[PDB]
**Q** 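Let me begin by handing over the structure; questions about it come next.
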Number of protein chains: 2
Amino acid sequence: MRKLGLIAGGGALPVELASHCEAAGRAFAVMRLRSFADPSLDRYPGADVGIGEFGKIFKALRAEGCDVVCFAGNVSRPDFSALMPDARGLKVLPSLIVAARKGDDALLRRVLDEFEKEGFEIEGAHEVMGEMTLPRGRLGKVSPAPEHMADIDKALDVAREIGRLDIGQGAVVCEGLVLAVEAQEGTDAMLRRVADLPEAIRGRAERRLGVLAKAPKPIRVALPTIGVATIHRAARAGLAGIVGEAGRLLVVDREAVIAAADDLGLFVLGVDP
Amino acid sequence: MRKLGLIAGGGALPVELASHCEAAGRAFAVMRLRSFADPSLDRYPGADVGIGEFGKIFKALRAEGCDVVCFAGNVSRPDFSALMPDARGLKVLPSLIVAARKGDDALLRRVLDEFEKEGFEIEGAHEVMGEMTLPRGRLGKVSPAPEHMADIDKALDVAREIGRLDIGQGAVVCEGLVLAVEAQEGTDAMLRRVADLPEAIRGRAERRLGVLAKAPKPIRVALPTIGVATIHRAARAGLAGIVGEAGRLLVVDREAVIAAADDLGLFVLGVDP
Ligand SMILES: CCCCCCCCCCC[C@@H](O)CC(=O)N[C@H]1[C@@H](OP(=O)(O)OP(=O)(O)OC[C@H]2O[C@@H](n3ccc(=O)[nH]c3=O)[C@H](O)[C@@H]2O)O[C@H](CO)[C@@H](O)[C@@H]1OC(=O)C[C@H](O)CCCCCCCCCCC
Ligand SMILES: CCCCCCCCCCC[C@@H](O)CC(=O)N[C@H]1[C@@H](OP(=O)(O)OP(=O)(O)OC[C@H]2O[C@@H](n3ccc(=O)[nH]c3=O)[C@H](O)[C@@H]2O)O[C@H](CO)[C@@H](O)[C@@H]1OC(=O)C[C@H](O)CCCCCCCCCCC
């Protein structure tokens, strides 16, 4: 439970720790990922890291005084060819590019284990799970109706098997029919596709059918995330709700998520893994 | 090998038999599916069938003189509530709506077996497989490079497992990464999504990486189809080629498909099931 070194991806999380770093006074250090990091993190202690500057990040976290790092934010796999220069990233690079061939987890695997080599003992999940994780049972006031339990179990099953092939982690099931499965497009894009599907095979704004399920990605530090946008994007699609495994989903801004889900009439539910 | 009764879906196939029915002189009868059938099939012998007019289609094929029917064209599952009226379709309806809950094959299953009850012995595949099926090995002049064989085996594997869950039948793999998987959106929409993905994880117009694979849907009469549009839609996405199981893919307009694939530099290849 030592602290802190922040490897900045993109999106709210990296600010949702800066807001939280205003608490304990670590004082954190932000390794801003040059290509992803928000400028709301401009001139916090730390540096700007080209995602290839693998050895600069190491000397920087070391420099400041870091023994414990947290991976927050959205990151994409690079187009490797066009990568930035750093000679320390090479001793481990092939084992990345090679694991990159497996999937978006075998790559993530090597990178994080690579840190653990350098003496940095890390855990990005527990730092943020004890703040903003999905709890068991409903999150808002809406519960699932009987007419929604079968889609719940099935959406989840599909998400898990899609998830073990390293394809994606999200899937959408309406009345037993799988409407969509997430790959590289992202959850928002996937929900958008669903709303675009003919109404004959989906719910609508006054009779909601269907569930979005996100799940890992089997045994964590990178876990499937949802936020407010997910709610109304889920809503447009006609979905009745969203499910995840308890302690295996990140809910950014859980109160506005609660507010939004409730007004729209959508459950959000954490099932037991 | 008797003939003929044509259950008209939509798209070229139902005309690609009318063109072919100009041959043997059956003379065919077209049960135009009221909601899908092209008007290029207006006033050919036969009728106009509301997809729910299940008993009208039966009396009509019987009326004309049909003992052998062929299912050609694209069809969607209806929004059942808004269906058209026919009292003969009811004795079998629940077993449709019920099988509809499984997937877009358990439903297709019951419907076609339902015909086989009425004395109509059918086979829509062999009628069209002996004209326009995918042959083993390349179809055009382009072959796959070494750099494309691993995506070929993997795209196929994924298509098959996606296919056994009754999700979809198409998938797209580029350098080992699954870019996309088809569900209800359709192949064209799926290829469009891929072209929309960041270029960092896909091929491009001068260095083509990746494969689209379509496959059944395990043991046929309804088989995954491709045509010219598939070629240039595949092309925009940066794909290097398209693969299917020999005798388990329909190639509409195989010569224009050949012409198009070749100019664009894309292989099309039938592997052994
Ligand atoms: C050579 C370089 C090699 C680098 C390795 C490249 C590996 C490529 C694959 C890595 C793995 C990567 O695909 C996954 C990833 O980056 N994780 C992050 C990812 O979650 P996800 O489920 O993939 O998002 P999704 O968009 O599908 O649905 C969200 C919905 O919510 C909504 N949403 C989101 C944010 C928000 O503020 N509000 C909101 O409503 C939004 O509208 C959506 O409806 O977006 C979430 C939103 O922010 C983050 O919380 C999460 O963050 C995490 O879970 C942790 C994160 O994975 C750490 C970064 C990976 C490791 C980086 C270390 C390597 C750098 C080292 C350099 C020296
Ligand atoms: C209560 C009513 C219950 C009704 C049951 C509803 C079941 C719902 C699910 C049924 C199963 C249904 O999803 C599948 C289906 O309808 N099959 C048909 C379906 O193939 P698919 O692979 O699903 O197309 P896809 O769009 O994903 O990629 C294509 C690419 O090619 C390109 N393309 C296409 C056409 C063309 O002319 N040119 C071209 O370049 C195009 O740009 C694309 O890049 O589109 C192809 C393009 O036309 C047809 O060749 C095929 O046709 C078949 O294989 C046979 C067809 O499945 C027979 C119809 C099903 C049985 C109907 C009997 C029920 C009625 C009885 C009433 C009494």
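Keep in mind that the numbers below use all heavy atoms, side chains included, and drop hydrogens, waters and symmetry copies. We name chains A, B, ... by the order of the sequence lines, and we start the count at 1 in each one. Read the numbers this way: they start at 1 and go in the same order the structure lists the ligands and their atoms.
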**Q** Aromatic rings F115(A) and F54(A): how do their planes relate, parallel, tilted or perpendicular, breaks at 30° and 60°?
**A** tilted

**Q** Which atoms form the tightest heavy-atom contact between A183(A) and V178(B), and what is the distance?
**A**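 In this case the closest contact between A183(A) and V178(B) is CB-O, 3.9 Å.
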
**Q** Between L223(A) and ligand 1, which residue portion shows a heavy-atom distance shorter than 4.0 Å: side chain, backbone, both, or neither?
**A** backbone

**Q** Among all protein heavy atoms in this structure, tell me which lies nearest to atom 62 (C) of ligand 1, with the distance rounded to 0.1 Å.
**A** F71(A) CD2, 3.7 Å

**Q** Give the intermediate values and the outcome of side-chain contact (heavy atoms from CB on, under 4.5 Å) for residues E131(A) and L17(A).
**A** CA-CA 10 Å; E131(A) 303 179 29; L17(A) 296 184; 4.2 Å; yes

**Q** Answer with yes or no whether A100(A) contacts ligand 1, where contact means a heavy atom under 4.0 Å from a ligand atom.
**A** no

**Q** So which heavy atom in the protein is nearest atom 57 (O) of ligand 2, and how far is it from that ligand atom?
**A** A222(B) CB, 3.5 Å

**Q** Heavy-atom contact under 4.0 Å between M190(A) and ligand 1?
**A** no

**Q** Starting from atom 7 (C) of ligand 2, what is the nearest protein heavy atom, named by residue and atom, and what distance separates them?
**A** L107(B) CD2, 3.8 Å

**Q** Do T230(B) and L212(B) have side chains that approach each other closer than 4.5 Å (heavy atoms only, starting at C-beta)?
**A**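 Sidechains of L212(B) and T230(B): in contact.
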
**Q** Any idea which heavy atoms bring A159(A) and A213(A) closest together, and the distance?
**A**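 Looks like CB-O, 3.8 Å.
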
**Q** Looking at atom 44 (O) of ligand 2, what's its closest protein heavy atom, distance included?
**A**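 So the nearest neighbour among protein heavy atoms is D188(B) OD1, 2.3 Å.
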
**Q** Checking contacts now, so for atom 51 (C) of ligand 1, which I'm interested in, is there any protein heavy atom under 4.0 Å?
**A** yes

**Q** Just let me know how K214(A) lines up against ligand 1, side chain, backbone, both or neither, with a heavy-atom cut-off below 4.0 Å.
**A**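 Side chain only.
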
**Q** For atom 35 (C) of ligand 2, decide whether some protein heavy-atom distance is shorter than 4.0 Å.
**A** no

**Q** Less than 4.0 angstrom from a charged side-chain N to a carboxylate O is my criterion; do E185(A) and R192(A) meet it?
**A**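 Salt bridge between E185(A) and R192(A), a charged N being under 4.0 Å from a carboxylate O: no.
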
**Q** To the nearest 0.1 Å, how far is atom 16 (O) of ligand 2 from its closest protein heavy atom, and which atom is that?
**A** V75(B) N, 3.1 Å

**Q** At less than 4.0 angstrom from any non-hydrogen atom of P224(B), what atoms of ligand 2 do you find?
**A** 22 (O)

**Q** Give a yes/no verdict on whether any heavy atom in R233(B) is under 4.0 Å from an atom of ligand 2.
**A** no

**Q** Looking only at protein heavy atoms, identify the closest one to atom 29 (C) of ligand 2 and say how far it is in Å.
**A**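 Answer for atom 29 (C) of ligand 2: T225(B) O, 3.1 Å.
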
**Q** Just jot down the ligand 1 atoms closer than 4.0 angstrom to any heavy atom of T187(A), in number order.
**A** 25 (P), 27 (O), 28 (O)

**Q** Among all protein heavy atoms in this structure, tell me which lies nearest to atom 37 (O) of ligand 1, with the distance rounded to 0.1 Å.
**A** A12(A) CB, 3.0 Å

**Q** Is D105(A) salt-bridged to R220(A), going by a charged N under 4.0 Å from an acidic O?
**A** yes

**Q** Using a heavy-atom cut-off of under 4.0 Å, does the side chain or the backbone of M31(B) touch ligand 2, or both, or neither?
**A**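 Looking at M31(B) and ligand 2, no heavy atom falls under 4.0 Å.
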
**Q** Counting non-hydrogen protein atoms only, what is the nearest one to atom 31 (O) of ligand 2? Give residue, atom name and distance.
**A**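 Looking at atom 31 (O) of ligand 2, the protein heavy atom closest to it is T230(B) OG1, 3.2 Å.
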
**Q** Heavy-atom contact check, 4.0 Å cutoff: does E182(B) meet ligand 2?
**A**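 True for this residue.
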
**Q** Atom 14 (C) of ligand 2: protein heavy atom closer than 4.0 Å?
**A**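 It does not: no protein heavy atom is found less than 4.0 Å away from atom 14 (C) of ligand 2.
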
**Q** Which protein non-hydrogen atom lies closest to atom 39 (C) of ligand 1, naming both residue and atom, and how far is it?
**A**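 The closest heavy atom on the protein side is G227(A) CA, 3.7 Å.
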
**Q** What residue and heavy atom of the protein are closest to atom 8 (C) of ligand 1, and at what distance?
**A** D104(A) OD1, 3.3 Å

**Q** Kindly indicate whether the side chain of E118(A), heavy atoms from C-beta on, has any atom under 4.5 Å from the side chain of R88(A).
**A** yes

**Q** Work out whether the distance between some heavy atom of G10(B) and some atom of ligand 2 is less than 4.0 Å.
**A**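 Flag set, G10(B) near ligand 2.
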
**Q** Are the side chains of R236(B) and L191(B) in touch, meaning some heavy atoms are under 4.5 Å apart?
**A** no

**Q** Could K217(A) and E182(A) be called an ion pair, given the rule that one side-chain N must be under 4.0 Å from one carboxylate O?
**A**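 No, this pair does not count.
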
**Q** Answer with side chain, backbone, both or neither: which part of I51(B) has a heavy atom less than 4.0 angstrom from an atom of ligand 2?
**A**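 Near ligand 2, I51(B) shows its backbone as well as its side chain.
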
**Q** Starting from atom 10 (C) of ligand 2, what is the nearest protein heavy atom, named by residue and atom, and what distance separates them?
**A** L108(B) CD2, 4.1 Å

**Q** Answer yes or no for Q169(A): is there a heavy-atom contact with ligand 1 below 4.0 Å?
**A**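 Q169(A) counts as a contact of ligand 1 under the 4.0 Å cut-off.
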
**Q** Quick one: which of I57(B), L61(B), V111(B) has a heavy atom closest to atom 64 (C) of ligand 2?
**A** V111(B)

**Q** Report the nearest protein non-hydrogen atom to atom 45 (O) of ligand 2: residue, atom name, distance rounded to 0.1 Å.
**A** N74(B) ND2, 2.9 Å

**Q** Atom 56 (C) of ligand 2: which of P78(B), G9(B), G73(B) has the nearest heavy atom?
**A** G73(B)

**Q** Tell me whether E175(A) is salt-bridged to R77(B), with the criterion being a basic N under 4.0 Å from an acidic carboxylate O.
**A** no

